[PDB]
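Fold and geometry: a report
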Amino acid sequence: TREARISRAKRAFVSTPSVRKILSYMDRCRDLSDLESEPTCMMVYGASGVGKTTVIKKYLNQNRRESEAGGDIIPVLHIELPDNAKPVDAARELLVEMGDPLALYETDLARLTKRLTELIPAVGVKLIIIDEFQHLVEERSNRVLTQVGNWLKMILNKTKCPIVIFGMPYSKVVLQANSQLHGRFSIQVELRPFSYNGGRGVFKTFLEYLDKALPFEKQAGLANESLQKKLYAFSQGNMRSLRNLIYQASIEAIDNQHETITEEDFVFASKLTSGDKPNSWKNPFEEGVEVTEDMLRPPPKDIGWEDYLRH
Amino acid sequence: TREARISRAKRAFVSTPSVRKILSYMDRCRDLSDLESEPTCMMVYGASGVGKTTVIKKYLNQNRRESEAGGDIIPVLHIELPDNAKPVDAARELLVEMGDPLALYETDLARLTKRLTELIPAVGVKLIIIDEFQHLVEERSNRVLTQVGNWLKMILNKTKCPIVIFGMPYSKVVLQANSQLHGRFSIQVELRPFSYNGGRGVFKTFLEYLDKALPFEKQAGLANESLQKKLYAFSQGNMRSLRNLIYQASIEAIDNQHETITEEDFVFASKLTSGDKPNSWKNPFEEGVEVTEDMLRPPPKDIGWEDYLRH
Amino acid sequence: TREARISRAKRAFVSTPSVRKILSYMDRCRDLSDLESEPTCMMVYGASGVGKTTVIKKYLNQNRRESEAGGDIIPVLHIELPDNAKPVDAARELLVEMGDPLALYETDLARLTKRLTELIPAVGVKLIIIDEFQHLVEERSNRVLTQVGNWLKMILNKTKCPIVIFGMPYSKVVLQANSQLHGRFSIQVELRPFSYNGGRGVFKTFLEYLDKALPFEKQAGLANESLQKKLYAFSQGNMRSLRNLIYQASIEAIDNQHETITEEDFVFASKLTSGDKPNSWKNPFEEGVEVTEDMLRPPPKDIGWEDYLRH
Ligand SMILES: Nc1ncnc2c1ncn2[C@@H]1O[C@H](COP(=O)(O)OP(=O)(O)OP(=O)(O)O)[C@@H](O)[C@H]1O
Ligand SMILES: Nc1ncnc2c1ncn2[C@@H]1O[C@H](COP(=O)(O)OP(=O)(O)OP(=O)(O)O)[C@@H](O)[C@H]1O
Ligand SMILES: Nc1ncnc2c1ncn2[C@@H]1O[C@H](COP(=O)(O)OP(=O)(O)OP(=O)(O)O)[C@@H](O)[C@H]1O
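Residues numbered from 1 in each chain as written, not as in the entry; some residues may be left out. Chains lettered and ligands numbered in written order. Part of a larger assembly, values for the part shown. Heavy atoms only, no water. Residues with missing side-chain atoms left out of burial classes, pairs and counts.

Method of determination, as annotated in the archive: cryo-EM, at 3.5 Å resolution.

This is the structure in structure tokens:
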């Protein structure tokens, strides 16, 4: 099999214009603020499993590498607020990820804020990439905790730094509660999945570049009107499901060695990674079942609101 | 880009007569009280994102600079109460802000008040500026806590000093609860946003002075009946949204160098900072869409009551 | 402006026959009790911003000054109970006010009582004054806590001294609950605001004495049939509102120096102190409108019951 081929098969990153826009907006949002006046700020929406973490890692790799290699600078962070997050727990994390491992033994929203606001300029933070806000909305109850959003408002008033605050599109409610919290985070973005299935667009070139990035030296197997339609039929929007199917196909192709990912391992790959899909969803690969046009309607505008619309 | 141009592009402060009145009333309220008799006291209302913090910063810059440069005096303060504020938390913040970091570890509304009342005359405080009262009114429940109000009453009764107590216009309910605290703070002010859109008033001269403050040497582009109506069409009252559009528009003129902020960067800058706006609100810049007179009505009298009228 | 003029302008205290009655009754209440038999006791009702604290401070200044100048005697005490008062917290305040810093760190209704009872005769307390009974009644619920009143009964039974217990009139409800506490506090008083507005009464002589106390050398400007009714229209009962208007007027007179407080600064003074007044109230000074006799009806019998009658 060889570790490098499977490694490169898993790490086959190509950039959709949405990702390029987000990377440009991040680079902008970083370059704009001079760590003196009130920062510009930003919020990304996206959905459940599109590539938010991957975009953050891609940004971290190009940005933080050379600065971190020099010494203890770490210009950019990676935060992930816990389940039913409180300002203590957020600030505890903000400290934990930022160099110093101390201030987690016995601190209760007193001196941790002061030392965090004192050390942020000293260490040299130029941006904060917060990843998680799905937790601030409660699971059963329709209530949303504001304490964290207010604490973010206060630390943003105290120390000046751009904040990116990634979170599912139902997390908008978190901002809608507190007036100027909605007001402050003005610049806003959708990282929504692929809409059109027909081809000769973003999906076709994405699969073409992906097939160029795949480990097999016998050219692209995908980018054909017959095959592309079934891949969209399998994975509607979620790039996770698509990349999983491609990965499962690739490892099935290198196993009992083949030249390309031909129409024989896709049926197994599809049957394998069809656990997360609903009962209503149908597998296009399972048998001789012709893909239907009505099934390939674009993903709803309420794509990441399902968890919120449960209650 | 050059940091100085972008710094001066961000920091382009001009004073509307409302701000001048607040600065005059602040100067008055400080000059009146002689730290012996009962103080005159003051409350500023305003709304969510008009210029409350900026008015306080402008006052702090002109007042506190020369005094603070001398030594440990700090004649004026800046306080910001936490979410669901309690007298312990407000007093802890009052002490934490006042130089000395002690009385932070273990104090339970016992000796912190006595030492605060003892040290306030010693350091030489001439006025206090409390910023935030939105927290005292609960999010879900209609209840408003008066513990902080009675502590403010008690500390005002014990030690004599002017207090400015900023807070969004639904914060009035905090005063309306406690009969004395309503009667104590007699001097009252609106820092409400701009009303008229047509021109030849406060908005036109504000934009004209802002254009004179902008970094471009090729004169003013704004303050024209053709253009300035769309700026009011974009941002009804909130100066935040206007200044954000101006900043992004300016940034987009420095990037791929231009002479002035002409009608080409405004469209993308408008599309950029159209996240905080409601779904009902329409973008005038997006396409060839002529602004409608009915949309340019003045902002409602209940401008900062929405959060209260939710519940 | 000068500190002496503004100091004397603020500190312009003249005595109302009601104040003289309270002063006489308090002097009597002190003189009668010999710290051996059961004390005579007293309760003063008043209302919000009439002059209870000023009467207490006047009494403190005339009585305690000579005794305090001699040494550690402090014959008379000042207490102002915390919000949602408990016997431990009242006793803590009663101790920390009277010299001793200790009995503050760790005391839970155990030894503070005995040491208070032991050292009250030693230091030589001839009378006690509690400022507020609003805290015993809850904000939301109509329920009243008896613990503080029962502790007052208990400590009155143990250490026998006069207790004056000032508090806004619906505080009567606190005594209406506990019959024995009601029985003890027999001597009772209204410190009610000014009722008559016609002229040639307590209001005219009060204003004349105030004008004699004002800093301007060239005789009284007020106490005229033209101005008295307008001053009464502005401030119905509340002496706070009246004295605030007089103060603000006096400042607007000494600023851009005039000969006297003319009826050109009263419009600004009235406009400035127009925050705490309800929407139903109409400002007489604002425009050139003749004041209506119907609006100058005397204030109601339940003047300081509104906040209690809300629920
Ligand atoms: N341009 C791209 N080319 C190829 N694969 C991509 C690209 N962008 C994202 N992916 C893949 O899509 C998947 C995104 O998963 P990821 O965990 O980043 O999603 P997420 O929305 O952040 O979810 P999570 O809640 O797990 O953080 C990964 O398998 C990643 O490799
Ligand atoms: N006279 C002025 N000229 C130009 N810009 C101004 C002027 N006054 C205020 N601004 C700008 O308007 C904005 C005011 O934001 P500020 O933080 O004061 O709002 P706020 O009402 O205190 O809200 P919050 O504290 O909830 O964030 C800033 O961008 C500030 O630079
Ligand atoms: N005889 C008097 N002549 C002139 N001014 C007076 C007189 N008595 C009281 N005042 C003034 O009336 C005001 C009374 O304020 P004070 O703090 O005593 O109010 P209060 O009724 O005790 O209310 P609270 O304790 O709830 O604040 C002060 O401005 C005081 O100077």
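Further remarks concern the site of ligand 3. Taken together, the neighbourhood of ligand 3 is formed by 19 residues, with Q180(B), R184(B), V14(C), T54(C) and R240(C) sitting nearest. Lying at an intersection of chains, ligand 3 is approached by residues of chains B and C. Contact between ligand 3 and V50(C): an oxygen atom at 2.8 Å from a main-chain N or O atom of the residue. The separation between an oxygen atom of ligand 3 and a polar main-chain atom of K52(C) is 3.3 Å. Every element with two or more residues in the shell around ligand 3 is listed here: helix 8 (179-184) of chain B together with helix 3 (52-70) and helix 11 (239-254) of chain C. Within the shell around ligand 3, the residues separate by chemical class into 6 nonpolar, 6 polar and 7 charged. (Near = heavy atom within 4 Å. Polar contact = N/O pair within 3.5 Å; in protein donor to acceptor, adjacent residues only side chain to side chain. Helix = DSSP H or I, 4+ residues; strand = E, 2+ residues; numbered from the N terminus. Nonpolar A, V, L, I, M, F, W, Y, C, P; charged D, E, K, R; others polar.)

With that settled, consider the interface of chain B and chain A. Interfaces are frequently sized by the accessible area removed from exposure as the parts join. Counting from both sides, the interface comprises 32 residues of chain B and, opposite them, 30 residues of chain A. Between chain B and chain A the total buried area reaches about 2700 Å² when both faces are included, carbon and sulfur atoms providing 48% of it. A per-residue breakdown of the area chain B buries against chain A is headed by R240(B), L272(B) and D276(B), which together make up 20% of the total. Between the two partners, chain B and chain A, sit 6 salt bridges. With its nearest N and O atoms 2.7 Å apart, the salt bridge here joins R11(B) to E36(A). Where chain B touches chain A, the interface holds 13 residue pairs in polar contact. When residues of the side of chain B that touches chain A are traced back to their parent elements, those giving at least two are helix 1 (3-10), helix 11 (239-254) and helix 12 (266-272) of chain B. (Contact = heavy atoms within 4.5 Å. Buried area = accessible area lost by both parts, 1.4 Å probe. Salt bridge = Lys/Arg side-chain N within 4 Å of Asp/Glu carboxyl O.)

The next point concerns the interface of chain B and chain C. Tallying the contact residues gives 30 residues for chain B and 35 residues for chain C. Of the roughly 2800 Å² buried between chain B and chain C, counting both surfaces, carbon and sulfur atoms make up 45%. Summed over the shared surface of chain B and chain C, the number is 5 salt bridges. Here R28(B) ties to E252(C) by a salt bridge, and the two come within 3.0 Å at their closest N and O atoms.

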